[PDB]
$ cat final-v3.pdb   # PDB, C-alpha atoms and all ligand atoms
MODEL        1
ATOM      1  CA  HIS A   4    -102.961 -44.638  62.996
ATOM      2  CA  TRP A   5    -103.897 -45.467  59.399
ATOM      3  CA  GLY A   6    -101.523 -47.515  57.295
ATOM      4  CA  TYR A   7    -101.325 -50.255  54.702
ATOM      5  CA  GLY A   8    -101.547 -53.300  56.924
ATOM      6  CA  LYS A   9    -104.426 -55.738  57.302
ATOM      7  CA  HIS A  10    -105.672 -53.982  60.400
ATOM      8  CA  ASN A  11    -105.252 -50.356  59.332
ATOM      9  CA  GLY A  12    -105.188 -50.459  55.533
ATOM     10  CA  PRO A  13    -107.395 -49.011  52.755
ATOM     11  CA  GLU A  14    -110.445 -51.117  53.807
ATOM     12  CA  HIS A  15    -110.398 -49.437  57.229
ATOM     13  CA  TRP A  16    -109.789 -45.811  56.246
ATOM     14  CA  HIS A  17    -113.466 -44.847  55.850
ATOM     15  CA  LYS A  18    -114.078 -45.207  59.593
ATOM     16  CA  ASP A  19    -111.945 -42.149  60.378
ATOM     17  CA  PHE A  20    -112.104 -40.532  56.907
ATOM     18  CA  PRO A  21    -115.646 -41.081  55.609
ATOM     19  CA  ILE A  22    -114.822 -39.239  52.363
ATOM     20  CA  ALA A  23    -113.080 -42.536  51.463
ATOM     21  CA  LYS A  24    -116.466 -43.542  50.036
ATOM     22  CA  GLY A  25    -117.020 -40.226  48.254
ATOM     23  CA  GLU A  26    -117.779 -39.211  44.691
ATOM     24  CA  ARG A  27    -114.307 -38.346  43.366
ATOM     25  CA  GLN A  28    -111.835 -40.726  45.037
ATOM     26  CA  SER A  29    -108.480 -41.775  43.677
ATOM     27  CA  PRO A  30    -106.798 -43.734  42.320
ATOM     28  CA  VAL A  31    -108.893 -45.231  39.507
ATOM     29  CA  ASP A  32    -108.521 -47.689  36.664
ATOM     30  CA  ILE A  33    -107.860 -45.905  33.379
ATOM     31  CA  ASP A  34    -109.852 -47.762  30.732
ATOM     32  CA  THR A  35    -108.028 -46.589  27.604
ATOM     33  CA  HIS A  36    -110.819 -47.469  25.226
ATOM     34  CA  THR A  37    -113.385 -45.440  27.231
ATOM     35  CA  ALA A  38    -111.232 -42.378  27.869
ATOM     36  CA  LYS A  39    -112.053 -39.666  25.354
ATOM     37  CA  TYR A  40    -109.561 -37.696  23.294
ATOM     38  CA  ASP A  41    -110.146 -34.013  23.966
ATOM     39  CA  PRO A  42    -108.612 -31.839  21.194
ATOM     40  CA  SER A  43    -109.177 -28.770  23.396
ATOM     41  CA  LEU A  44    -106.711 -30.021  26.017
ATOM     42  CA  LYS A  45    -103.545 -27.973  25.980
ATOM     43  CA  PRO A  46     -99.996 -29.276  26.173
ATOM     44  CA  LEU A  47     -98.610 -29.648  29.683
ATOM     45  CA  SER A  48     -96.141 -26.990  30.747
ATOM     46  CA  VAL A  49     -93.585 -28.456  33.199
ATOM     47  CA  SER A  50     -91.205 -25.676  34.257
ATOM     48  CA  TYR A  51     -88.706 -27.216  36.684
ATOM     49  CA  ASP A  52     -85.491 -25.396  35.614
ATOM     50  CA  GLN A  53     -85.389 -23.460  38.911
ATOM     51  CA  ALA A  54     -86.504 -26.234  41.273
ATOM     52  CA  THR A  55     -84.931 -26.083  44.704
ATOM     53  CA  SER A  56     -84.990 -29.434  46.491
ATOM     54  CA  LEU A  57     -84.364 -29.279  50.264
ATOM     55  CA  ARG A  58     -84.772 -32.551  52.074
ATOM     56  CA  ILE A  59     -85.859 -36.181  51.908
ATOM     57  CA  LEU A  60     -88.069 -37.613  54.667
ATOM     58  CA  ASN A  61     -89.348 -41.030  55.665
ATOM     59  CA  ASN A  62     -92.822 -40.140  56.970
ATOM     60  CA  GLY A  63     -93.832 -43.702  57.853
ATOM     61  CA  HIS A  64     -95.933 -44.301  54.699
ATOM     62  CA  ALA A  65     -93.499 -43.333  51.925
ATOM     63  CA  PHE A  66     -90.543 -40.987  51.440
ATOM     64  CA  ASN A  67     -91.017 -37.386  50.322
ATOM     65  CA  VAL A  68     -88.491 -35.265  48.504
ATOM     66  CA  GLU A  69     -89.420 -31.715  49.516
ATOM     67  CA  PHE A  70     -88.978 -28.450  47.588
ATOM     68  CA  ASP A  71     -88.924 -24.731  48.321
ATOM     69  CA  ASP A  72     -92.470 -23.687  47.353
ATOM     70  CA  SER A  73     -92.246 -20.144  48.770
ATOM     71  CA  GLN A  74     -91.726 -18.743  45.215
ATOM     72  CA  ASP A  75     -92.677 -19.817  41.664
ATOM     73  CA  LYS A  76     -89.521 -21.938  41.163
ATOM     74  CA  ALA A  77     -90.897 -25.236  39.906
ATOM     75  CA  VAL A  78     -94.363 -25.050  38.476
ATOM     76  CA  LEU A  79     -96.897 -26.961  36.490
ATOM     77  CA  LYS A  80     -99.368 -25.231  34.161
ATOM     78  CA  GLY A  81    -101.335 -25.802  30.984
ATOM     79  CA  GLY A  82    -102.914 -29.114  30.220
ATOM     80  CA  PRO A  83    -106.363 -29.093  31.862
ATOM     81  CA  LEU A  84    -105.241 -26.531  34.405
ATOM     82  CA  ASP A  85    -106.179 -22.929  34.993
ATOM     83  CA  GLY A  86    -103.366 -21.052  36.625
ATOM     84  CA  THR A  87    -100.112 -21.928  38.251
ATOM     85  CA  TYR A  88     -99.345 -24.854  40.480
ATOM     86  CA  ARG A  89     -96.165 -25.020  42.594
ATOM     87  CA  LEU A  90     -94.174 -28.204  43.218
ATOM     88  CA  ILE A  91     -94.056 -28.938  46.952
ATOM     89  CA  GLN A  92     -92.894 -32.576  47.026
ATOM     90  CA  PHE A  93     -92.711 -35.846  45.198
ATOM     91  CA  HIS A  94     -93.011 -39.381  46.483
ATOM     92  CA  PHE A  95     -93.669 -42.910  45.255
ATOM     93  CA  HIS A  96     -95.935 -45.879  45.897
ATOM     94  CA  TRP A  97     -94.573 -49.336  45.266
ATOM     95  CA  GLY A  98     -95.070 -53.066  45.644
ATOM     96  CA  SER A  99     -93.512 -56.085  47.312
ATOM     97  CA  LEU A 100     -93.364 -57.673  43.860
ATOM     98  CA  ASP A 101     -92.719 -56.172  40.385
ATOM     99  CA  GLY A 102     -96.295 -56.993  39.314
ATOM    100  CA  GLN A 103     -97.911 -54.566  41.718
ATOM    101  CA  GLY A 104     -97.245 -51.190  43.304
ATOM    102  CA  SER A 105     -99.001 -48.564  41.227
ATOM    103  CA  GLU A 106    -102.153 -46.857  42.421
ATOM    104  CA  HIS A 107    -103.633 -46.046  39.057
ATOM    105  CA  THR A 108    -103.977 -48.956  36.685
ATOM    106  CA  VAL A 109    -104.258 -48.947  32.898
ATOM    107  CA  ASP A 110    -106.785 -51.413  31.489
ATOM    108  CA  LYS A 111    -106.413 -53.058  34.930
ATOM    109  CA  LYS A 112    -102.633 -53.426  34.466
ATOM    110  CA  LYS A 113    -100.530 -52.639  37.544
ATOM    111  CA  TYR A 114     -97.082 -51.121  37.290
ATOM    112  CA  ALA A 115     -94.258 -51.791  39.758
ATOM    113  CA  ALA A 116     -94.521 -48.304  41.220
ATOM    114  CA  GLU A 117     -95.981 -44.849  40.694
ATOM    115  CA  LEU A 118     -94.345 -41.441  41.098
ATOM    116  CA  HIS A 119     -96.454 -38.522  42.351
ATOM    117  CA  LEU A 120     -95.244 -34.971  41.802
ATOM    118  CA  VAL A 121     -97.470 -32.879  44.019
ATOM    119  CA  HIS A 122     -98.347 -29.257  43.167
ATOM    120  CA  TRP A 123    -100.671 -26.663  44.752
ATOM    121  CA  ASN A 124    -102.646 -23.843  43.151
ATOM    122  CA  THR A 125    -100.915 -20.569  43.971
ATOM    123  CA  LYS A 126    -104.204 -18.666  44.104
ATOM    124  CA  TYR A 127    -104.823 -20.324  47.478
ATOM    125  CA  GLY A 128    -101.619 -19.054  49.071
ATOM    126  CA  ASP A 129    -100.406 -22.185  50.819
ATOM    127  CA  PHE A 130    -100.752 -25.953  50.612
ATOM    128  CA  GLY A 131    -102.955 -26.226  53.698
ATOM    129  CA  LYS A 132    -105.539 -23.941  52.119
ATOM    130  CA  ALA A 133    -105.237 -25.543  48.692
ATOM    131  CA  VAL A 134    -106.208 -29.016  49.901
ATOM    132  CA  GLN A 135    -109.547 -27.584  51.045
ATOM    133  CA  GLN A 136    -110.465 -26.585  47.451
ATOM    134  CA  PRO A 137    -111.793 -28.700  44.558
ATOM    135  CA  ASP A 138    -109.040 -27.306  42.285
ATOM    136  CA  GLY A 139    -106.377 -26.981  44.957
ATOM    137  CA  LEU A 140    -103.823 -29.550  43.819
ATOM    138  CA  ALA A 141    -102.394 -30.899  40.562
ATOM    139  CA  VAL A 142    -100.649 -34.226  40.882
ATOM    140  CA  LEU A 143     -98.513 -35.490  38.051
ATOM    141  CA  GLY A 144     -98.508 -39.293  38.101
ATOM    142  CA  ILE A 145     -95.813 -41.341  36.353
ATOM    143  CA  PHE A 146     -95.766 -45.139  36.146
ATOM    144  CA  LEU A 147     -92.594 -47.117  36.826
ATOM    145  CA  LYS A 148     -91.867 -50.388  35.080
ATOM    146  CA  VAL A 149     -88.892 -52.601  35.874
ATOM    147  CA  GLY A 150     -86.274 -52.809  33.130
ATOM    148  CA  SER A 151     -83.298 -50.522  32.500
ATOM    149  CA  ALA A 152     -82.145 -48.171  35.254
ATOM    150  CA  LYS A 153     -83.355 -44.571  35.456
ATOM    151  CA  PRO A 154     -80.137 -42.573  35.890
ATOM    152  CA  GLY A 155     -81.923 -39.527  37.298
ATOM    153  CA  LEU A 156     -83.437 -41.671  40.026
ATOM    154  CA  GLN A 157     -80.150 -42.973  41.368
ATOM    155  CA  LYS A 158     -79.351 -40.064  43.695
ATOM    156  CA  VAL A 159     -82.696 -40.798  45.439
ATOM    157  CA  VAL A 160     -81.890 -44.514  45.699
ATOM    158  CA  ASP A 161     -78.463 -43.873  47.219
ATOM    159  CA  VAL A 162     -79.710 -41.730  50.082
ATOM    160  CA  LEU A 163     -82.430 -44.171  51.254
ATOM    161  CA  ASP A 164     -80.000 -45.895  53.639
ATOM    162  CA  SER A 165     -79.845 -42.683  55.653
ATOM    163  CA  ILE A 166     -83.649 -42.481  56.071
ATOM    164  CA  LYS A 167     -84.448 -46.145  56.735
ATOM    165  CA  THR A 168     -87.011 -45.586  59.472
ATOM    166  CA  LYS A 169     -90.010 -43.331  60.148
ATOM    167  CA  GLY A 170     -89.154 -39.760  61.093
ATOM    168  CA  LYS A 171     -85.655 -39.820  59.629
ATOM    169  CA  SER A 172     -84.698 -37.093  57.171
ATOM    170  CA  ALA A 173     -81.586 -36.084  55.235
ATOM    171  CA  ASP A 174     -80.411 -32.984  53.382
ATOM    172  CA  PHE A 175     -81.311 -33.435  49.688
ATOM    173  CA  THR A 176     -80.386 -30.264  47.874
ATOM    174  CA  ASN A 177     -79.697 -29.754  44.150
ATOM    175  CA  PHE A 178     -81.852 -32.621  42.947
ATOM    176  CA  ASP A 179     -83.302 -32.108  39.477
ATOM    177  CA  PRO A 180     -86.753 -33.691  39.125
ATOM    178  CA  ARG A 181     -86.593 -33.281  35.333
ATOM    179  CA  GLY A 182     -84.525 -36.507  35.439
ATOM    180  CA  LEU A 183     -87.618 -38.473  36.511
ATOM    181  CA  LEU A 184     -89.804 -37.687  33.496
ATOM    182  CA  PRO A 185     -90.386 -39.820  30.407
ATOM    183  CA  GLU A 186     -89.884 -38.467  26.877
ATOM    184  CA  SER A 187     -93.557 -37.866  26.117
ATOM    185  CA  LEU A 188     -95.878 -35.622  28.106
ATOM    186  CA  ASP A 189     -99.045 -37.198  26.617
ATOM    187  CA  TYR A 190    -101.488 -37.656  29.483
ATOM    188  CA  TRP A 191    -104.848 -38.697  30.863
ATOM    189  CA  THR A 192    -106.681 -36.383  33.251
ATOM    190  CA  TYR A 193    -109.656 -36.611  35.640
ATOM    191  CA  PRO A 194    -110.856 -35.005  38.915
ATOM    192  CA  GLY A 195    -109.947 -36.932  42.050
ATOM    193  CA  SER A 196    -108.508 -37.006  45.542
ATOM    194  CA  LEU A 197    -105.467 -37.519  47.720
ATOM    195  CA  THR A 198    -104.825 -41.269  47.755
ATOM    196  CA  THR A 199    -103.897 -41.224  51.465
ATOM    197  CA  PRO A 200    -105.846 -39.958  54.445
ATOM    198  CA  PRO A 201    -107.302 -37.379  54.692
ATOM    199  CA  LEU A 202    -108.408 -38.379  51.130
ATOM    200  CA  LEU A 203    -109.530 -34.822  50.340
ATOM    201  CA  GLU A 204    -111.203 -34.305  46.994
ATOM    202  CA  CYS A 205    -108.903 -31.515  45.854
ATOM    203  CA  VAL A 206    -106.796 -33.002  43.018
ATOM    204  CA  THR A 207    -106.688 -32.611  39.261
ATOM    205  CA  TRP A 208    -104.947 -35.814  38.296
ATOM    206  CA  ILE A 209    -102.614 -35.770  35.305
ATOM    207  CA  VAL A 210    -101.283 -39.256  34.594
ATOM    208  CA  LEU A 211     -98.640 -39.643  31.891
ATOM    209  CA  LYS A 212     -99.146 -42.280  29.233
ATOM    210  CA  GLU A 213     -95.471 -43.196  28.952
ATOM    211  CA  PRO A 214     -93.942 -45.068  31.940
ATOM    212  CA  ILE A 215     -90.340 -44.612  33.033
ATOM    213  CA  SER A 216     -88.193 -47.689  33.419
ATOM    214  CA  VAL A 217     -86.213 -48.313  36.613
ATOM    215  CA  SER A 218     -83.919 -51.245  37.381
ATOM    216  CA  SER A 219     -84.722 -54.142  39.636
ATOM    217  CA  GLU A 220     -81.892 -52.952  41.954
ATOM    218  CA  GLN A 221     -83.453 -49.498  42.173
ATOM    219  CA  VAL A 222     -86.884 -50.721  43.251
ATOM    220  CA  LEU A 223     -85.254 -53.380  45.494
ATOM    221  CA  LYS A 224     -83.749 -50.509  47.483
ATOM    222  CA  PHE A 225     -87.219 -48.912  47.895
ATOM    223  CA  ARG A 226     -88.321 -52.194  49.464
ATOM    224  CA  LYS A 227     -85.603 -52.052  52.125
ATOM    225  CA  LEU A 228     -87.140 -48.952  53.739
ATOM    226  CA  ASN A 229     -89.122 -49.346  56.991
ATOM    227  CA  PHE A 230     -92.665 -48.229  57.991
ATOM    228  CA  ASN A 231     -91.566 -48.403  61.636
ATOM    229  CA  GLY A 232     -89.420 -46.052  63.642
ATOM    230  CA  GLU A 233     -85.922 -46.873  64.863
ATOM    231  CA  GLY A 234     -85.906 -49.397  67.722
ATOM    232  CA  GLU A 235     -89.312 -50.798  66.764
ATOM    233  CA  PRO A 236     -89.970 -54.183  65.122
ATOM    234  CA  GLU A 237     -88.979 -54.029  61.469
ATOM    235  CA  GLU A 238     -91.792 -53.775  58.954
ATOM    236  CA  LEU A 239     -90.643 -53.409  55.393
ATOM    237  CA  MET A 240     -92.146 -50.446  53.568
ATOM    238  CA  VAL A 241     -93.789 -52.256  50.656
ATOM    239  CA  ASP A 242     -97.266 -52.252  49.140
ATOM    240  CA  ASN A 243     -97.975 -48.674  50.224
ATOM    241  CA  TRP A 244    -100.614 -48.255  47.501
ATOM    242  CA  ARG A 245    -104.359 -47.737  47.568
ATOM    243  CA  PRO A 246    -106.329 -49.885  45.095
ATOM    244  CA  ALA A 247    -108.479 -48.458  42.300
ATOM    245  CA  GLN A 248    -111.689 -46.805  43.456
ATOM    246  CA  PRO A 249    -115.054 -46.560  41.692
ATOM    247  CA  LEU A 250    -115.041 -44.034  38.854
ATOM    248  CA  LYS A 251    -118.651 -43.033  39.583
ATOM    249  CA  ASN A 252    -119.778 -39.896  37.732
ATOM    250  CA  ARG A 253    -116.460 -39.017  36.089
ATOM    251  CA  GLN A 254    -114.905 -39.216  32.616
ATOM    252  CA  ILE A 255    -111.213 -39.562  31.972
ATOM    253  CA  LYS A 256    -109.971 -37.335  29.164
ATOM    254  CA  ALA A 257    -106.928 -38.044  26.958
ATOM    255  CA  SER A 258    -104.540 -35.448  25.464
ATOM    256  CA  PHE A 259    -103.725 -37.792  22.594
ATOM    257  CA  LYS A 260    -105.447 -40.128  20.143
TER     258      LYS A 260
HETATM  259  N1  LIG B 301    -107.052 -55.104  65.803
HETATM  260  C1  LIG B 301    -106.398 -53.846  66.026
HETATM  261  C2  LIG B 301    -105.781 -53.051  64.918
HETATM  262  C3  LIG B 301    -105.148 -51.740  65.255
HETATM  263  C4  LIG B 301    -105.384 -50.569  64.351
HETATM  264  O1  LIG B 301    -106.553 -49.845  64.456
HETATM  265  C5  LIG B 301    -106.890 -48.946  63.468
HETATM  266  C6  LIG B 301    -108.214 -48.751  63.131
HETATM  267  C7  LIG B 301    -108.576 -47.859  62.139
HETATM  268  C8  LIG B 301    -107.615 -47.118  61.477
HETATM  269  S1  LIG B 301    -108.093 -45.976  60.214
HETATM  270  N2  LIG B 301    -109.720 -45.803  60.210
HETATM  271  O2  LIG B 301    -107.445 -44.667  60.440
HETATM  272  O3  LIG B 301    -107.670 -46.612  58.951
HETATM  273  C9  LIG B 301    -106.276 -47.313  61.808
HETATM  274  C10 LIG B 301    -105.915 -48.221  62.799
HETATM  275  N1  LIG B 302    -103.882 -31.591  54.880
HETATM  276  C1  LIG B 302    -102.686 -32.383  54.881
HETATM  277  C2  LIG B 302    -102.425 -33.320  53.744
HETATM  278  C3  LIG B 302    -101.289 -34.274  53.842
HETATM  279  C4  LIG B 302    -101.129 -35.302  52.772
HETATM  280  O1  LIG B 302    -100.639 -34.893  51.557
HETATM  281  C5  LIG B 302    -100.760 -35.703  50.449
HETATM  282  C6  LIG B 302    -100.345 -35.222  49.217
HETATM  283  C7  LIG B 302    -100.465 -36.016  48.084
HETATM  284  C8  LIG B 302    -100.994 -37.304  48.185
HETATM  285  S1  LIG B 302    -101.139 -38.288  46.721
HETATM  286  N2  LIG B 302    -100.698 -39.827  47.072
HETATM  287  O2  LIG B 302    -102.569 -38.276  46.319
HETATM  288  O3  LIG B 302    -100.221 -37.686  45.729
HETATM  289  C9  LIG B 302    -101.409 -37.793  49.419
HETATM  290  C10 LIG B 302    -101.286 -36.988  50.550
HETATM  291 ZN    ZN B 303     -99.078 -40.448  46.179
ENDMDL
END
$ encode --input "final-v3.pdb" --output "structure tokens" --more "lines below"
Ligand SMILES: NCCCCOc1ccc(S(N)(=O)=O)cc1
Ligand SMILES: NCCCCOc1ccc(S(N)(=O)=O)cc1
Ligand SMILES: [Zn+2]
Amino acid sequence: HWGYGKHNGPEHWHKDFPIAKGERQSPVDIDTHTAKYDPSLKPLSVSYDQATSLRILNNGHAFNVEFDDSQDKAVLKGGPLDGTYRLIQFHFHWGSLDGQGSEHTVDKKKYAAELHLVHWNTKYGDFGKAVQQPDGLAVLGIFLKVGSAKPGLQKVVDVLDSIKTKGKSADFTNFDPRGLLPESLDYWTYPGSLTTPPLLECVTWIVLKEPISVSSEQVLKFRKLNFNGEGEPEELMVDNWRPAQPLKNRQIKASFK
């Protein structure tokens, strides 16, 4: 199975997922001087007041916090988007060291981690159908830097002991993802892909300019998770990020000057 190790990592993925070498792969480096301000970009509309979180799962590559997406409860609209995108899950990518972990980079700078809030276009009915469309998903990407603690992240950190290994899940109701956002909703946007297999080219990426800060203890607890299942040799879940891919025939637009 694909992974992040030397023998099954990002360099290998193209052999089973040839779209790895495609025209709109993610993540990418965001060159801030080359991105263009687009005054026609609308403000993001993040409407999470009615979010219903259900469960947290170690899926062997990261942990997902899952939401009830059977109604318009937590949705993303506006910005570059046409229509309404429902929150289905969020997850993170992170490093073994504070100087790496993010998937997107900014002027080649790597953050300690990156949060992905994953949404699907309600005109396609369900997530499985959405990922087969060029405008199927909207992923909101938020950089994490190490500094002061993020209070709204702590309930996530404290449950990770109960989902240490692959396939473990825990009830995770009443979590408010609004606590994970920075102050500003200024963003960059570009057309891209899932950053894990199957690497489908179905994502409108919206990457916030302002990182959130998390504490060293918070990200240390991420690093104590396991890629492996219970009773298997322990492999710490670290460096579960794909490096920047060629931008090719794309331009990154900015919502701000
Ligand atoms: N030397 C043996 C290594 C074992 C792993 O083999 C793999 C070979 C390829 C993949 S892929 N194309 O899904 O990333 C995953 C695992
Ligand atoms: N067709 C099944 C798809 C399963 C994977 O779902 C993903 C959903 C989001 C991402 S990412 N890192 O681009 O936000 C990766 C994978
Ligand atoms: Zn992701």
$ closest_atom_pairs --input "final-v3.pdb" --of "chain A" --to "ligand ZN 303 (chain B)" --cutoff "9 Å" --atoms "only C-alpha atoms and all ligand atoms" --output "tab-separated table"
residue	atom	partner	partner_atom	distance
A:65	CA	B:ZN303	ZN	8.5
A:93	CA	B:ZN303	ZN	7.9
A:94	CA	B:ZN303	ZN	6.2
A:95	CA	B:ZN303	ZN	6.0
A:96	CA	B:ZN303	ZN	6.3
A:106	CA	B:ZN303	ZN	8.0
A:117	CA	B:ZN303	ZN	7.7
A:118	CA	B:ZN303	ZN	7.0
A:119	CA	B:ZN303	ZN	5.0
A:120	CA	B:ZN303	ZN	8.0
A:121	CA	B:ZN303	ZN	8.0
A:142	CA	B:ZN303	ZN	8.3
A:144	CA	B:ZN303	ZN	8.2
A:197	CA	B:ZN303	ZN	7.2
A:198	CA	B:ZN303	ZN	6.0
A:199	CA	B:ZN303	ZN	7.2
A:244	CA	B:ZN303	ZN	8.1
$ closest_residue --input "final-v3.pdb" --among "A:109, A:209, A:166, A:115" --to "ligand LIG 302 (chain B)" --atoms "all atoms listed in the file"
A:209
$ residues_near_ligand --input "final-v3.pdb" --ligand "ligand LIG 301 (chain B)" --cutoff "10 Å" --atoms "all atoms listed in the file" --output "tab-separated table (two decimals) with C-alpha atoms, in the coordinates of the input"
chain	number	residue	atom	x	y	z
A	4	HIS	CA	-102.96	-44.64	63.00
A	5	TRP	CA	-103.90	-45.47	59.40
A	6	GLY	CA	-101.52	-47.52	57.30
A	7	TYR	CA	-101.32	-50.26	54.70
A	8	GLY	CA	-101.55	-53.30	56.92
A	9	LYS	CA	-104.43	-55.74	57.30
A	10	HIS	CA	-105.67	-53.98	60.40
A	11	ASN	CA	-105.25	-50.36	59.33
A	12	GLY	CA	-105.19	-50.46	55.53
A	13	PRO	CA	-107.40	-49.01	52.76
A	14	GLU	CA	-110.44	-51.12	53.81
A	15	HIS	CA	-110.40	-49.44	57.23
A	16	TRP	CA	-109.79	-45.81	56.25
A	17	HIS	CA	-113.47	-44.85	55.85
A	18	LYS	CA	-114.08	-45.21	59.59
A	19	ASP	CA	-111.94	-42.15	60.38
A	20	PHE	CA	-112.10	-40.53	56.91
A	21	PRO	CA	-115.65	-41.08	55.61
A	23	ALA	CA	-113.08	-42.54	51.46
A	199	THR	CA	-103.90	-41.22	51.46
A	200	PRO	CA	-105.85	-39.96	54.44
A	201	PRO	CA	-107.30	-37.38	54.69
$ residues_near_point --input "final-v3.pdb" --point "(-108.4, -35.0, 33.6)" --cutoff "10 Å" --atoms "only C-alpha atoms" --output "list in words"
residues 38, 41, 44, 82, 83, 84, 190, 191, 192, 193, 194, 195, 206, 207, 208, 209, 210, 253, 254, 255, 256, 257 and 258 of chain A
$ closest_residue --input "final-v3.pdb" --among "A:46, A:131, A:232, A:249" --to "residue A:91" --atoms "all atoms listed in the file"
A:131
$ resolve_selection --input "final-v3.pdb" --expression "the PyMOL selection byres (((chain A and resi 26) around 8) and not hetatm)" --output "ChimeraX atom specification"
/A:24-25,27-28,251-252
$ atom_distance --input "final-v3.pdb" --atom1 "atom CA of residue A:217" --atom2 "atom CA of residue A:147"
6.5 Å
$ closest_residue --input "final-v3.pdb" --among "A:116, A:250, A:159, A:188" --to "residue A:219" --atoms "all atoms listed in the file"
A:116
$ residues_around --input "final-v3.pdb" --residues "residue A:56" --least-positions-apart "4" --cutoff "6 Å" --atoms "only C-alpha atoms" --output "PDB file with C-alpha atoms, keeping the file's coordinate frame"
ATOM      1  CA  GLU A  69     -89.420 -31.715  49.516  1.00  0.00           C
ATOM      2  CA  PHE A  70     -88.978 -28.450  47.588  1.00  0.00           C
ATOM      3  CA  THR A 176     -80.386 -30.264  47.874  1.00  0.00           C
ATOM      4  CA  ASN A 177     -79.697 -29.754  44.150  1.00  0.00           C
ATOM      5  CA  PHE A 178     -81.852 -32.621  42.947  1.00  0.00           C
TER       6      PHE A 178
END
$ residues_around --input "final-v3.pdb" --residues "residue A:227" --least-positions-apart "2" --cutoff "10 Å" --atoms "only C-alpha atoms" --output "ChimeraX atom specification"
/A:163-164,167-168,222-225,229-230,238-241
$ residues_around --input "final-v3.pdb" --residues "residue A:216" --least-positions-apart "5" --cutoff "9 Å" --atoms "all atoms listed in the file" --output "PDB file with C-alpha atoms, in the coordinates of the input"
ATOM      1  CA  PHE A 146     -95.766 -45.139  36.146  1.00  0.00           C
ATOM      2  CA  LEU A 147     -92.594 -47.117  36.826  1.00  0.00           C
ATOM      3  CA  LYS A 148     -91.867 -50.388  35.080  1.00  0.00           C
ATOM      4  CA  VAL A 149     -88.892 -52.601  35.874  1.00  0.00           C
ATOM      5  CA  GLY A 150     -86.274 -52.809  33.130  1.00  0.00           C
ATOM      6  CA  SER A 151     -83.298 -50.522  32.500  1.00  0.00           C
ATOM      7  CA  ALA A 152     -82.145 -48.171  35.254  1.00  0.00           C
ATOM      8  CA  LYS A 153     -83.355 -44.571  35.456  1.00  0.00           C
ATOM      9  CA  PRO A 185     -90.386 -39.820  30.407  1.00  0.00           C
TER      10      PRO A 185
END
$ closest_residue --input "final-v3.pdb" --among "A:78, A:68, A:215, A:162" --to "ligand LIG 302 (chain B)" --atoms "all atoms listed in the file"
A:68
$ axis_aligned_box --input "final-v3.pdb" --around "stretch 94-111 of chain A" --padding-each-side "8 Å" --output "AutoDock Vina command-line options"
--center_x -99.8 --center_y -48.5 --center_z 39.4 --size_x 30.1 --size_y 34.3 --size_z 31.8
